[PDB]
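A.B. asks: Task: produce atomic coordinates for the following.
(8 chains, ligands or ions: 8)
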Amino acid sequence: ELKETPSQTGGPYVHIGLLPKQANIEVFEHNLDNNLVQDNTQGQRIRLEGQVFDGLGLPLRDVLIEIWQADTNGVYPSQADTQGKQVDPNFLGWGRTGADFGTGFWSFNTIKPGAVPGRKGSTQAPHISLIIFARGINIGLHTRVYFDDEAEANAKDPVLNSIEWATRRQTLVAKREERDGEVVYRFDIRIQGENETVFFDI
Amino acid sequence: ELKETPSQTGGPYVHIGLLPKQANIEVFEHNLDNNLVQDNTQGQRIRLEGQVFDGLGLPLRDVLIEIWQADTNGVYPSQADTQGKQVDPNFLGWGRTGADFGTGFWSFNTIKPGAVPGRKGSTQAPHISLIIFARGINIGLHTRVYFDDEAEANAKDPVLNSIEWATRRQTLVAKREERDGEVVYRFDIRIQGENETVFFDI
Amino acid sequence: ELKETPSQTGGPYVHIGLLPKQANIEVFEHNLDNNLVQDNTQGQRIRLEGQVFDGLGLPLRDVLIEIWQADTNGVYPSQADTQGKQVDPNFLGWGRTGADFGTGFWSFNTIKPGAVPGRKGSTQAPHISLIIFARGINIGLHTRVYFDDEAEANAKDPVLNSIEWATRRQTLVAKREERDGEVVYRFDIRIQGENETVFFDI
Amino acid sequence: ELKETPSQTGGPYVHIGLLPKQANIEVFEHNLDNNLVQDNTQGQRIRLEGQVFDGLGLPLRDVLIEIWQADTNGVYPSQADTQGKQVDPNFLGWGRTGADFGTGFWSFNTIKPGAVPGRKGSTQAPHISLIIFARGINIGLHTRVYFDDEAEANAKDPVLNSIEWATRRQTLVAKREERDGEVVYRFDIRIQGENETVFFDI
Amino acid sequence: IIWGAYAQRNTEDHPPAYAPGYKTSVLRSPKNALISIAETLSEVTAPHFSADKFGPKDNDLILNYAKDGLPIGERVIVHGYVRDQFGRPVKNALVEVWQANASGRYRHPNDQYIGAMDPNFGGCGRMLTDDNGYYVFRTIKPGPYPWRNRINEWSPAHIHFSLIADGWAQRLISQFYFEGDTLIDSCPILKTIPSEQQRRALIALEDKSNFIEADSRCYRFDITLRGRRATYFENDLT
Amino acid sequence: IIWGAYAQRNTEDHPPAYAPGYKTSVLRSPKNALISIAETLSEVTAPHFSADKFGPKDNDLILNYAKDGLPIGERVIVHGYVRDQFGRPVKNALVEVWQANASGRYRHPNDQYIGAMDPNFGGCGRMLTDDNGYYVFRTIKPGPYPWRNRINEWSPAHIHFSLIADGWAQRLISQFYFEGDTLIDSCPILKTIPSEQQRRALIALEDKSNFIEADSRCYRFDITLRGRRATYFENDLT
Amino acid sequence: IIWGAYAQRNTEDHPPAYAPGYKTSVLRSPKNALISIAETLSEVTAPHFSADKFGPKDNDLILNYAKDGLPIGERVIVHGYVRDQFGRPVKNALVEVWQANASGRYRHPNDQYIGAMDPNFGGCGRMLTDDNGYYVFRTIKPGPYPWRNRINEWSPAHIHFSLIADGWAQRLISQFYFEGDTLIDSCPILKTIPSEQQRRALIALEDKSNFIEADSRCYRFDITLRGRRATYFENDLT
Amino acid sequence: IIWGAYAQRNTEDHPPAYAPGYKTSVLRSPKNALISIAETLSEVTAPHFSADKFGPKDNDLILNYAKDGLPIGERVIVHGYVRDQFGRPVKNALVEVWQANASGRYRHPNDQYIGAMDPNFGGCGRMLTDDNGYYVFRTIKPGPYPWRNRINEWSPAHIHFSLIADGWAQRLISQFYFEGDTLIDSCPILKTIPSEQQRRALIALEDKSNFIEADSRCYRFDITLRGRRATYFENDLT
Ligand SMILES: O=[N+]([O-])c1ccc(O)c(O)c1
Ligand SMILES: O=[N+]([O-])c1ccc(O)c(O)c1
Ligand SMILES: O=[N+]([O-])c1ccc(O)c(O)c1
Ligand SMILES: O=[N+]([O-])c1ccc(O)c(O)c1
Ligand SMILES: [Fe+3]
Ligand SMILES: [Fe+3]
Ligand SMILES: [Fe+3]
Ligand SMILES: [Fe+3]
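C.D. replies: Numbering: from 1, shown residues only, chains lettered A, B, ... in the order given. Ligands and ions are numbered 1, 2, ... in the order given. Please see the structure below:
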């Protein structure tokens, strides 16, 4: 057997390789980005946004974020999905973005995912898997984003129910807002300190 | 010379061995418990109660607590006590309890101990020695409980006076209350964080 | 290159794994047994029986025996048989049995095999390959059973002729008997001592 | 822990140390011998005699034998006997003899022992424990002598019943004879070969 | 002999309170250092329990909870000596033990592992050491227990134990393992102990000469508690 | 490829028939040496078993005999590969296994050990290897078994196994043990094997990356059978 | 084959989050331990990228940003294999890389080092592994980068890399170094890895037989990701 | 304390019965294996001898057979302790010894060696161990004895000994040698013992601090017998 290659921080210049347009490098014709909605994509459009804060309460202005999620019917656009259902054909399910160098704000344009089966016949509440990379972070940090308008499904979610300190569950619930008829979910991440966001070893 | 056997946490199921009735195991006729008052025990009866909190401010619902104390005249029911005084014959001086699995509350029924000699002719203020065991705790944590109505003796206590950060002394003083003519001392323990309870290496 | 896994005795409870019905364990729907004759099997039916004796002349009451043989035309029901002939389709060619725990008697219901080609154009006399496993036996013991009514073929058999001590050849010849119109061949095996049965390293 | 001192043969001159009178050495006033019957000893007197044969069927003329047995009521004259019964006070329970240098015959004058409790509430048949030492014998050989007139008790004896080869049990049964009103039990020991006597690891 | 205080606990011989590899210790460990105190009568005395209150099967985990038959599993005897650090025997100390059954399942409301429960096994016992510090109990060897620290964490087979002896300063809870268990090298709880020789101090050894034929195996396990110094000059304890 | 005979069995890699430390072999071993023969079709052929006859739980000793609940004991998966001595996979071979329960008690009329019987455990299973020679079964880890060779003899925990593969010459029965068991160094049956490296070939290894969280541990155990040589010149087999 | 969950990440094989020698981790590391979860479809699936979207020079850092001439520096090819921990090839995984130029200068708005910028070098590339898990790209060897951790901190020459493969649980970012660089022994970022053998796993080896005469040198670097276990009994994933 | 059975004899620590290098064992060794039995009162009891019957010179081989003068030869004292395998002293056990004289000549009708007989030496003695298990006797150091195994066989100087102690199971006869004798490495009787450390257990050591000036040298030799286990649960002996 082999050991997994060890992780190392992405460092402050991770944009060069993963978001070259943010580093002002035009080298690729097709660039991976933060827009998961194609013209024919099914589902309700939403915007996910927030900032990531360090232990002094300051935003990280060099953080890189990725999300992975199911389509509107809770099917993943992956050959490893075993539901035997047809996935939305105009949906990659993944996106990547970087916080703005001046403000630290990040965002994604995506759709609200449908509920995905959990283990042993259970049903998970709608959620987005998110990972954070940045200078100072030795191993990408995994977390999940749940939605405050899915109270009923959240209360029965197997992963949230597996966090024994109940007060910490709330850090994984994003808040719905409506900005000009656009649905926005605000999810701020706090790496350390009070109200520290739950991080998972997955 | 030999080295002391190393400590290991008691783990979440410590009730099986030390409080089987709490784990729903009826195997012994005589079970050690939290009631140190026998019918003919001398002294004023008191109830000692509180909760133990972790670093998030949440109560430990699997903690096990023991207390060790002198009788009403400050004599320990132990062959190692060298005062040459007769100890109360209907007093074990020790008890054990577990926090309630739902609330984290713990309590003991005992009597207020008398003052015990300190080192080099000194006199210690009345106190109860307490130890805490639980999952997450690698070595039992020792602390003492003093009483807020013994202000005068507390001010002259050698152990309290040996804590150089004076503001921390207050964490060892339980608060007297009267519930229906019953005298109750509330002692909450805070393992980590603000107002962290003083722990001793004895 | 690798070394063959070393043999170890089957021990006294080998029935559990190889003849569970003898150990009173009903766990399988289909159980391997000592009956090699199916309804449409071709050939003359015979019964093979005997006992296995230890060095004190006592029967082994925990021995397990298996046989492997060709069909009536001397073709093995194995992909490794290279004769290019069609084998009887209703014949496994193998069977397994255990000695009776009280008497030590064992038996098989099978058919008399046809002659099989020997090396370099030779022809072997009809025979059954047999192996014995039991407590006390570190490596399964291989032997062959020839038939006393095949005197002519036995005299020309390459394997029998390769045993240089001619008097020992007779220990491999079973004796034909007729019990109520049933043809029976009695083959007693003597593991040690006088008239010890020839065992082969194959 | 320590390992037992390893055994070594007694050699051909074992008489010097254990039966000096047989080696013609008069050095002790009191000499251990083969007569276990004192004037007031209780029980029926018997003589035990026989020869010990080697693998060629020849008697050992340098063998030394000892016996250990209970009194007439099956109580051992040993502080380790836990029956809580009074033992015959005029009975050592042990004796030693050597085969005659010319004939190989050995004998003891003793009494027939009473039945002794076996393990877990069982009852053992009357028996004498015997050990043999001699040149050629690396470790003293233990055996037991049972009596042919105790058929009923022998059939239920736990040790005899633990010999799985039943035909060998008979080698431990001595034959009763009456020589001039004297009761004699003949017990020949065969170290190797046909009818080899059972030897125990005790 | 006039006894003085117990020798100081050697903190390097024990796990630290904060040990991140054992996740639940992160929120349950003090952030402040322990305050060391000079001992008084409070620390050198301890309660006394009388053997009279103990039942005949309290040290027999094979029979003390048995109802319709015997528990399923490997019959084993565990014995050894409890001594103080100066090698003196610890007499009449209370030893309490608890463990999982042969499936690695605990009889506890909060254990939900699928390993099967054994209706004839409880998993707790107690005894007092004798005048030589010797103790002996019989039980079923426990199976290893899977738990959630990292998701696939497995602890080696072990028996938890607690001692209440002569001085409150000696109060101790720990657990021992069985010689040869491969899981010993991976356990994050055992790894909180800093040194290799102390981790080895928790391994009970196979004691082959004490096996009981066609019945039970036997393991030897000695325990060492803190010891008191003798005083020959001033006695400041009081 | 035209196959010739199996390579000769290396007698030095196996126990001798007569091995006095294992007492029952004294009367059950031939006094004459084995007669070696040149192989014929008889020795290089073997029966074929079809997977169609096998039940769904035949390789699941945890469930195949379960009636009112699950057997008591340590849940373990055992898997590995069966190969011939030239490293080729052995395909569709019949593997049969049998063992004692978690108490070291066998479900057999002749076993009288006091270790308890488990009404939900049988102790036998079987499977066919796949095209890569791979096999897998699940069971309860057996307890060590005391028996009478010397009176206090104890065998290490083990699982007996039998293989019927491509050639009758490959017929083999043996048993494997579990890494770390201290009884391995004392077993008189294992000691009939002459060499240390062959004794090690019977030890199944802990396979930590294949453990199933909060469920079962896993052991890896590969088996090697005799292998056939290829022929490129004369073919005397026939 | 029915796939179960990925094997648990071995936390001892990776740096801890809090590593004081690498100063920026002090405020950017969680104080709470990570919460381990049992995997679901969410963790075992991942996106799929199609080679169709990739340009012809995406894996050629020598030419993909070249405008008026070739970049200045040492021409090198880097290739190797991406496999999972059970040794299976990882097919069609997305590998993205980024690095400094031959001066140790990054093309990034926030890099102010005086090492010179190279107008013909960009420093980023990407590729998909093939069916054998093989990948290959060409570049200029980067120079070591001075930075402020302690004031005179210098990192060894390195190439950063990221992989997105079959399961989200496999997501990984790291960097590799070049055999023989003396700065490897002093780097505080590499030193966050606890063990010596894992630090060695990040060193690309000189592959002399694959050098291209009068053109380019070549380095070999293999990457290992977490691997999934196969399921043969219950499948609780769903 | 309730005593259970003696621990099993470790057959690997003793010579086998059949040992062809010691020719007379070929016809005097059983062909069947010994049958091991569980012990009963018969095996754990033994006779008791009283010191009252012993003469004053029974442990003095220098004087107990002396008639007209002292025997010729090296004056030596031999002492040591008899203990059981758990280290407990064996009290009041009967120790009997016999040996050749200073010429290697035995006082026995069947010894015909030409080494001279000593009219003042007998060669036998006996004693009971005291409450500490201690024994002491004085003698003349015996000379090596030539005998016919191969024609030129010579045994090292030795003293034969026999013990009858507390249990019949402990019955033992053996012999010890003297430190440094070169013949120890060639003796076929000593070589029947399988292991080197057990052969060393029969060598008495020079005890220089116990020599008696201008009188006698001294050798130290301890003997270990089988030991009984204590019982704490069921007592099946009866
Ligand atoms: O987390 N638990 O539940 C555990 C872990 C390890 C133990 O030894 C235990 O008794 C309980
Ligand atoms: O003697 N027996 O009964 C035994 C001894 C060892 C075994 O492994 C066994 O299955 C049975
Ligand atoms: O601090 N920085 O800017 C750094 C330090 C090290 C690096 O490998 C890097 O790419 C950037
Ligand atoms: O053969 N003998 O006569 C011998 C051989 C060795 C001896 O130690 C002995 O006492 C007698
Ligand atoms: Fe535990
Ligand atoms: Fe077995
Ligand atoms: Fe960099
Ligand atoms: Fe001698």
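
A.B. asks: next one: phi and psi at the residue nearest to residue A:196 when sequence neighbours are not counted?
C.D. replies: Nearest residue to residue A:196, sequence neighbours excluded (C-beta to C-beta, 6 or more residues apart in numbering or on different chains): residue A:190, at 5.3 Å. C-betas here are computed from N, CA, C, even on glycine. The phi/psi pair for residue A:190 (degrees, to the nearest 10) reads phi -120, psi 110.

A.B. asks: do residue A:195 as well
C.D. replies: phi 60, psi 30.

A.B. asks: That one is in contact with residue A:172, isn't it?
C.D. replies: No - contact criterion C-beta atoms under 8 Å: residue A:195 and residue A:172 do not qualify, at 11.3 Å.

A.B. asks: Those two - which one has more neighbours?
C.D. replies: residue A:172 (22 against 11; other C-beta atoms under 10 Å in any protein chain shown).

A.B. asks: Could you confirm residue A:171 falls within a helix?
C.D. replies: Yes - checked against DSSP: H, G, I helix; E, B strand; the rest coil, residue A:171 lies within a helix.

A.B. asks: Can you give me the distance of it to residue A:161?
C.D. replies: 15 Å (C-beta to C-beta, to the nearest Å).

A.B. asks: Which one's more surrounded, the two?
C.D. replies: residue A:171 (17 against 13).

A.B. asks: Enumerate every residue touching the closest residue to residue E:38 other than its chain neighbours.
C.D. replies: Of all residues not flanking residue E:38 in the chain, residue B:119 sits nearest, at 6.0 Å (C-beta to C-beta, 6+ apart). Contacts for residue B:119 were tallied using C-beta atoms under 8 Å, 6 or more residues apart in numbering or on different chains; they are B:158, E:38, E:40, E:236, E:237, E:238.

A.B. asks: now whatever helix or strand residue A:184 lives in: how far from the chain's centre is it?
C.D. replies: Assigned by DSSP states H and E, residue A:184 falls within strand A:182-186. Here strand A:182-186 is found 14 Å from its chain centre; the criterion is C-alpha atoms, centre = their mean, to the nearest Å.

A.B. asks: How about the secondary structure of residue 125?
C.D. replies: Just so you know, I chose chain A. coil.

A.B. asks: wrong one, chain E
C.D. replies: Quick answer, by three-state DSSP: residue E:125 is strand.

A.B. asks: contacting residues around it?
C.D. replies: Contacts of residue E:125 (C-beta under 8 Å, 6+ apart): B:17, E:58, E:59, E:60, E:61, E:64, E:96, E:97, E:98, E:137, E:139.

A.B. asks: how much space between the last one and ligand 3?
C.D. replies: It refers to residue E:139. To ligand 3, residue E:139 is 56 Å away according to C-beta to the nearest ligand atom, to the nearest Å.

A.B. asks: The closest residue to residue E:222 other than its chain neighbours: how many residues sit nearby?
C.D. replies: Leaving aside its chain neighbours, residue E:222 sits nearest to residue E:80 (4.4 Å; criterion: C-beta to C-beta, 6+ apart). Residues lying near residue E:80 (other C-beta under 10 Å) number 19.

A.B. asks: repeat for residue E:194
C.D. replies: Residue E:194, neighbours per other C-beta under 10 Å, totals 16.

A.B. asks: Show me where chain A has its strands.
C.D. replies: A:45-50, A:52-53, A:64-68, A:94-98, A:106-111, A:128-133, A:141-147, A:173-179, A:182-186, A:189-190, A:200-201 (DSSP state E).
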